[PDB]
Every structure is written in C-alpha cells, then in structure tokens.
Amino acid sequence: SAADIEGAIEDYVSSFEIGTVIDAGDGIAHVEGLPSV
Amino acid sequence: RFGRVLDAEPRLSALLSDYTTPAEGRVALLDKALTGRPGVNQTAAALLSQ
Amino acid sequence: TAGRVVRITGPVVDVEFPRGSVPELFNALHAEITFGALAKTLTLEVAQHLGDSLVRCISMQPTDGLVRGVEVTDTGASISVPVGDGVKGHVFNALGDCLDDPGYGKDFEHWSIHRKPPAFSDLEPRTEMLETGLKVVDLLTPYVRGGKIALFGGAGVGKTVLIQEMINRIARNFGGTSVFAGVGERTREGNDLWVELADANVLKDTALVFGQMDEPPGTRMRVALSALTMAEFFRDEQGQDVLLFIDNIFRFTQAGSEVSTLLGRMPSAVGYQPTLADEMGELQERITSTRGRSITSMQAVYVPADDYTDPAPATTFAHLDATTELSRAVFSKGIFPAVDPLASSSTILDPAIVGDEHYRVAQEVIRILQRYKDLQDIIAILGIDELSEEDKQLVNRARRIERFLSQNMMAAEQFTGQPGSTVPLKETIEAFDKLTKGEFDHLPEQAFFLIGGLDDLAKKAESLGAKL
Ligand SMILES: Nc1ncnc2c1ncn2[C@@H]1O[C@H](COP(=O)(O)OP(=O)(O)O)[C@@H](O)[C@H]1O
Ligand SMILES: [Mg+2]
C-alpha cells in the first residue's frame with residue numbers, strides 16, 4: 001500500500017520530563033531521561 | 001518481498017527495531033499494518049512476527 | 001531525509017541520518033537552537049563517517065542550547081563563501097556572512113572553501129625581491145614578490161605590529177587586491193585594522209575575513225580556508241596580483257588540535273593531532289603563486305612558549321620562502337623589530353639574485369653577530385677587558401650593528417610616539433658595509449638606536465655630541 005502504513009505509524013505514535021541519577025561522585029552526576037534538555 | 005519493502009521504508013523498520021518499547025505493541029503494529037494482508041502466507045507472517 | 005542530533009559534546013556533534021541520506025564529508029549541515037536567549041542556526045561541517053549512518057561534525061557556532069534529537073538538514077555542499085570583486089572593502093566571517101553590511105553578497109557567486117592545491121606542473125619558483133624599506137628585512141630576510149613570507153615569534157614580540165607595518169609598506173601602493181585573514185586573533189585588533197584600512201583608503205581594495213579567538217574551534221579552523229578561497233578566486237579568475245595577509249596561521253593548527261581528541265583521534269607528540277602536518281600541508285600548498293599568477297602571502301606564525309622546536313612552527317617552516325623570526329631576547333633588549341638576524345632566512349639571499357655586494361654585506365653582518373653571540377658569555381663572566389684586541393673591536397662593531405638593525409616603524413608610532421622611517425635598500429647596504437668596516441666606531445652606540453638611514457644617524461650623533 002505504502003500509505004496505510006503512514007496512518008498506522010501515526011496512530012501508533014498517538015496511542016504510544018523527569019530524569020533520574022544513574023551514578024554520581026566527586027561533583028559529577030549522570031542523569032538518564034530528560035530527552036529535551 | 002517483506003525484507004525489500006521494509007528496506008524501502010526505513011522509518012517503519014527503525015520503529016519496529018526499538019526493543020525498548022514493549023514487543024507486544026510492535027508485533028501488533030506489524031500484524032495490523034504489514035503482516036495482516038490478503039496475500040500473506042500465514043507461516044511467513046508467524047515467522048516475521050516472531 | 002533529515003538527520004537528528006544524537007550526541008552533543010562541546011563543539012562536536014554526532015548526527016544520525018536515514019540510510020542512504022548520509023552527507024558527504026565536509027558538507028554543511030544546519031541545525032536550529034530555539035532557546036530564546038541563544039536562538040541561532042548552527043552550521044556543522046561533517047568531519048567523519050562513524051558507520052551505521054552516524055556522522056561526526058564540527059560546529060561553527062557554540063552549541064550551547066542545542067538539544068538531542070533536533071532535525072539536522074544537509075545543504076548538499078561544503079561551506080561556501082562569496083567571491084568576486086564585490087567582497088573588496090567588506091568584512092566577512094568564516095561562513096561568508098558580511099559583518100559590516102549583513103546580507104551583503106548573498107547573491108554573489110559562491111565558492112566552496114575546500115579546494116585542491118594547484119597541480120605541480122603549474123608551479124614556478126619565484127625569485128624577485130620585494131623591497132620593504134626595513135633595514136633588517138631588506139638586508140637579511142629579503143622578501144619575495146609572489147612568494148611566501150612568514151613572521152615567526154612568541155606571544156607579544158611584534159608579529160602583528162610587523163604585519164601592520166608590511167600592510168602600510170606594501171598594500172598601500174599595491175596595484176592588485178588584498179585579502180586579510182584574521183585567524184583566531186583579538187577582536188580589538190580586527191576592529192583597529194578595519195578602521196586603519198578605512199582611514200588609509202586601502203579598504204576599498206581589501207577583503208577582510210575574521211574568525212576571532214572567541215569563536216569555537218570550527219570557525220578558527222575554517223576562516224583561513226574562507227579567506228584563502230577569496231584569494232584563490234582573485235588569483236585564478238580575475239587574473240590580478242593578490243596580497244594575502246594571515247594573522248595568525250598557528251591558530252588554524254591550534255583549533256584543529258582542540259577538537260582532535262573529541263573527534264576520536266589518539267594524540268600525537270606534544271599534544272598535537274596526528275594529522276598536523278597533513279592539514280597544514282593542504283592549507284599551505286593552497287597558498288601559492290602559480291605560473292603567471294601572483295600571490296604574495298605574509299603569514300604571522302605564533303611560536304608556542306617561544307619554543308621554535310614545537311611541532312607547529314617546525315612543520316610550518318618547510319612551507320615558506322622567507323622567514324623573519326622574532327626573538328623574545330631581542331625584544332627584551334628594546335630592539336625593534338625584534339628580529340633574530342642569526343635565525344631568520346630568505347631563499348633569495350644569494351649572490352645570483354640579490355647581487356654580490358648585498359650578499360657580501362649580509363654574510364659579514366651575520367658573521368659578526370654570530371661571533372658576538374659566542375663572546376656574550378665571556379663578556380658576562382670575565383668581562384670585556386680579557387678579550388683580544390680584535391675581539392673587542394668586533395664586539396663594539398656588533399653592538400653598533402645590532403642597534404642599527406633596529407628601526408622606527410610607522411606602525412610603532414602609537415607605542416614609541418616617534419614617526420617611522422623608510423630606508424632604501426642601497427642605503428641600507430652602504431650603511432652596513434660602512435659599519436662592518438668600522439667606519440662608525442667613533443659614534444656612541446646609542447646613536448644607532450631606532451633610526452632610519454645614515455642621515456638620521458648623523459642627526460642622532462649630533463644630538464648625542466658625536467659627528468660622522
Ligand atoms: N616596532 C615596535 N616598536 C615599539 N614597540 C613595539 C614594536 N613592535 C611591537 N612593540 C610592542 O610589543 C607589543 C606586541 O606586538 P604585537 O605584534 O601586537 O604582538 P605579537 O607579536 O604577539 O603579535 C606591541 O603591542 C608593542 O607594545
Ligand atoms: Mg598579534
């Protein structure tokens with residue numbers, strides 16, 4: 001079809017920020033999440 | 001044919017390839033979008049879904 | 001078809017593209033920083049292909065405010081800058097944008113800043129003196145018209161003052177086009193040069209391309225290429241003589257080494273990138289005259305920590321026709337320009353080109369100064385009385401010679417408050433021939449400090465109580 005796949009992925013996305021410290025030490029930290037930072 | 005069409009549209013292939021998202025959703029996506037068709041062998045459909 | 005930012009680490013950005021849309025190396029990509037305070041459009045130069053459709057790029061602008069996952073667009077071409085007579089009289093940055101008149105030149109013909117150097121068959125050695133009026137330069141480091149001239153030296157020894165002096169002496173009456181590339185230098189100096197060129201009326205004939213030391217490493221890497229592209233257009237298309245002034249070319253190498261480890265390359269000796277010689281060679285080999293097409297280029301080369309053995313200046317040395325090497329020791333003596341006459345060199349300082357008398361006088365001056373350098377330590381410890389009579393006479397002569405190689409330059413009037421002078425080459429040769437023969441041994445050495453020719457010497461000797 002090559003087109004209904006589009007609507008499929010859009011419906012998927014429609015149907016589909018706080019980070020988290022994963023490690024820290026010596027004044028440096030690593031944060032998972034925050035995709036928009 | 002499925003491999004060729006999947007190569008043609010890298011967006012859908014990459015979306016499926018994200019194992020972070022639960023696999024049930026992605027296999028349902030494949031079933032409803034690509035694997036669910038009139039002229040699709042059921043054995044090939046099952047193999048691809050697996 | 002657009003890519004997205006994956007990793008951001010300072011000036012280096014990794015960008016992921018769809019399969020088959022990976023941009024070619026050195027292509028210009030565009031990304032958007034939308035944060036209001038720092039909103040801008042980043043230009044990224046593709047530096048490496050990392051595999052799996054990722055490319056490593058160098059940003060031309062600071063990446064602060066950039067976000068992972070933002071769309072990245074491929075321009076399909078390298079960074080390109082405007083070319084043509086229009087660029088004369090205007091100030092640009094490495095990306096070709098006009099600074100004095102933003103938006104100017106957008107409709108000009110644009111040339112990619114990445115170019116192969118001229119074919120070897122098109123290269124002709126240049127042997128023709130370019131008289132400057134500076135005694136030391138004309139006597140011991142004669143400059144070559146259409147050749148490559150460098151001013152080496154550590155920080156604050158007079159590289160930029162001498163570049164401005166050479167602008168005054170050469171570009172002021174040049175019949176062709178001038179291109180000034182400010183590579184990673186002070187913005188205040190750039191503004192001063194812009195104002196000075198406007199006042200001298202030389203700006204109309206000069207194109208200025210500035211990438212300052214506050215720019216990210218990518219801009220300092222590419223500004224020299226941009227200015228060189230303008231110069232190459234003037235050489236190959238307009239068919240007119242070109243003056244290329246670069247200050248400071250070492251900043252190109254330094255910026256290259258700033259991103260080398262962020263690009264994944266294991267460091268070489270003295271912290272430089274493994275590709276120092278190759279990148280320098282490409283850039284320098286583009287800066288040449290070809291048969292019938294002249295580029296007289298003058299480069300300021302910064303010597304890190306006064307260490308002339310440092311790989312950057314050492315690698316640069318091979319690319320030059322004439323090298324005026326400024327010394328911190330000469331500087332600290334108050335001798336200006338702080339040229340080290342025993343360490344500078346010119347490829348045309350031989351009897352065949354400059355003539356028997358010029359070569360003879362230059363060699364005699366160098367021999368006397370070398371002997372004086374040898375005797376310095378003995379004079380410092382055991383005193384001058386313990387030297388042989390001929391050695392005492394030579395020491396007096398050498399002190400007078402080193403003072404006389406000093407000169408009051410026009411560009412130095414802002415510092416000494418004394419107007420500059422210009423000495424014809426023949427007068428320089430005659431004066432130093434007289435010196436090496438001891439014809440001025442009766443004058444106090446202070447009479448030889450920061451003057452012009454023999455007329456100025458007579459005047460200063462009269463002022464000090466002597467007479468020639
Ligand atoms: N011919 C000169 N006469 C007097 N002072 C000079 C002369 N040349 C340089 N100086 C002094 O040395 C300083 C360094 O010169 P400059 O060329 O700007 O630094 P660099 O050599 O690092 O480029 C000048 O600001 C000036 O004060
Ligand atoms: Mg300087």
Side-chain angles (χ1 to χ4, degrees), chain A residues 2-3 5-17 19 31-37, chain B residues 6-21 26 29, chain C residues 1-80 93-97 106 110 112-113 215-219 222 259 262-264:
Chain A
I5 60 179
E6 188 164 359
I9 58 158
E10 267 91 8
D11 167 63
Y12 182 76
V13 170
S14 64
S15 70
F16 172 55
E17 312 188 344
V31 185
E32 67 170 349
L34 300 171
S36 313
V37 74
Chain B
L6 194 57
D7 193 334
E9 61 208 8
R11 189 262 185 279
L12 175 54
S13 79
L15 177 57
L16 292 168
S17 171
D18 175 73
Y19 65 92
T20 314
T21 315
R26 307 192 300 262
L29 197 173
Chain C
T1 180
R4 61 175 165 78
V5 179
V6 185
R7 317 190 262 266
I8 308 151
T9 177
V12 180
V13 186
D14 290 17
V15 182
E16 174 142 33
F17 281 87
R19 221 169 308 131
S21 297
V22 177
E24 296 78 22
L25 293 168
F26 306 117
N27 270 24
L29 315 178
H30 289 310
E32 298 291 0
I33 300 168
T34 64
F35 184 63
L38 315 179
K40 60 161 75 67
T41 303
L42 290 186
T43 301
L44 318 168
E45 184 169 89
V46 180
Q48 294 163 350
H49 286 191
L50 303 170
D52 299 310
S53 304
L54 275 76
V55 298
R56 189 159 283 154
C57 319
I58 301 280
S59 194
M60 302 285 118
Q61 302 92 344
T63 51
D64 308 341
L66 186 57
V67 174
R68 284 172 301 184
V70 300
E71 190 197 27
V72 183
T73 287
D74 181 13
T75 69
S78 301
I79 286 155
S80 49
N93 59 7
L95 297 168
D97 310 323
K106 298 287 198 199
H110 275 67
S112 158
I113 62 165
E215 313 290 1
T219 291
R222 301 284 156 254
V259 292
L262 292 173
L263 287 176

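By convention in this document, chain letters (A, B, ...) are assigned in the order of the sequence lines, proteins followed by strands, and residues within each chain are numbered from 1.
In this structure, A:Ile5 CD1 and B:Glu9 CD are separated by 3.5 Å, a value rounded to the nearest 0.5 Å. The line from CG of C:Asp14 to OG1 of C:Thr9 is 9.0 Å long, rounded to the nearest 0.5 Å. Atom CG of B:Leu6 sits about 12.5 Å away from atom CZ of B:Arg11, to the nearest 0.5 Å. For the atom pair C:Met60 CE and C:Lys40 NZ, the distance stands at 14.0 Å (nearest 0.5 Å). Rounding to the nearest 0.5 Å gives a distance of 7.5 Å between CZ of B:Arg26 and OG1 of B:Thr20. Taking CG from B:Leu16 and OG1 from B:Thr21, the interatomic distance works out to 10.0 Å, rounded to the nearest 0.5 Å.
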Item to check | Worked verdict on C:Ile58 versus C:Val12 for side chain to side chain contact (heavy atoms under 4.5 Å, CB included) | outcome: CA-CA 5 Å; C:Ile58 301 280; C:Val12 180; 3.8 Å; yes
Item to check | Chi angles and distances behind the side chain to side chain contact (heavy atoms under 4.5 Å, CB included) call for C:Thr219, C:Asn93 | outcome: CA-CA 8 Å; C:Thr219 291; C:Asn93 59 7; over 6 Å; no
Checklist entry - So C:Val67 and C:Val5, side chain to side chain contact (heavy atoms under 4.5 Å, CB included) or not? Walk me through it. => result CA-CA 7 Å; C:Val67 174; C:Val5 179; over 6 Å; no
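Taking every heavy atom of both residues into account, C:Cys57 and C:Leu44 meet most closely at CB-CB, 3.7 Å. Across all their heavy atoms, C:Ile33 and C:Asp64 have their closest contact at CD1-O, 3.5 Å. Residues C:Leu66 and C:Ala31 come closest through the heavy atom pair CD1-CB, 4.5 Å. The minimum heavy-atom distance between C:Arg222 and C:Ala94, with the atom names listed, is C-CB, 4.1 Å.
In terms of modelled atom types and a separation under 3.5 Å, the side chain of B:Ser13 and the main chain of B:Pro10 share a donor-acceptor contact. Counting only distance, with no hydrogens or angles, the side chain of C:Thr75 and the backbone of C:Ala28 share a donor-acceptor pair below 3.5 Å. In this structure, A:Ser14 contributes its side chain and A:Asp11 its backbone to a donor-acceptor pair below 3.5 Å. Of the possible polar contacts, one joining the C:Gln48 side chain to the C:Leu263 backbone as a donor-acceptor pair under 3.5 Å is found. Using a distance-only test at 3.5 Å, with no hydrogens or angles considered, no donor-acceptor pair links the side chain of C:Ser78 to the main chain of C:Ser112.
Between B:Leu15 and B:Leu29, the closest side-chain pair of non-hydrogen atoms falls below 4.5 Å. Side-chain contact between C:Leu95 and C:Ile79: present, with at least one pair of heavy atoms (C-beta onward) separated by less than 4.5 Å. Side-chain contact between C:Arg7 and C:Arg56 is present, with heavy atoms from C-beta onward closer than 4.5 Å. Side-chain atoms of C:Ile8 and C:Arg68, non-hydrogen and from C-beta on, do get closer than 4.5 Å to each other. C:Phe17 has its side chain out of reach of C:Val46: every pair of non-hydrogen atoms, C-beta onward, lies at least 4.5 Å apart. Between C:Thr63 and C:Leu42 there is a side-chain heavy-atom pair separated by less than 4.5 Å. Proximity of C:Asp74 to C:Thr1: side-chain heavy atoms (C-beta onward) are nowhere separated by under 4.5 Å. At least one side-chain heavy atom of B:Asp7 sits less than 4.5 Å from a side-chain heavy atom of C:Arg19.
Scored by the salt bridge (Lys or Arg N to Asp or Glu O under 4.0 Å) test, C:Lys106 finds C:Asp97 as partners (sequence neighbours excluded). Evaluation of the side chain to side chain contact (heavy atoms under 4.5 Å, CB included) rule for C:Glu71 yields C:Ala2, C:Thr73 as partners, not counting sequence neighbours. Every residue meeting the side chain to side chain contact (heavy atoms under 4.5 Å, CB included) condition with C:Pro11, not counting sequence neighbours, appears here in chain and number order: C:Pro217, C:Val259, C:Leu262.
Residue-environment remark: CG (C:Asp52) stays at or below the threshold of 12 foreign heavy atoms within 6.0 Å.
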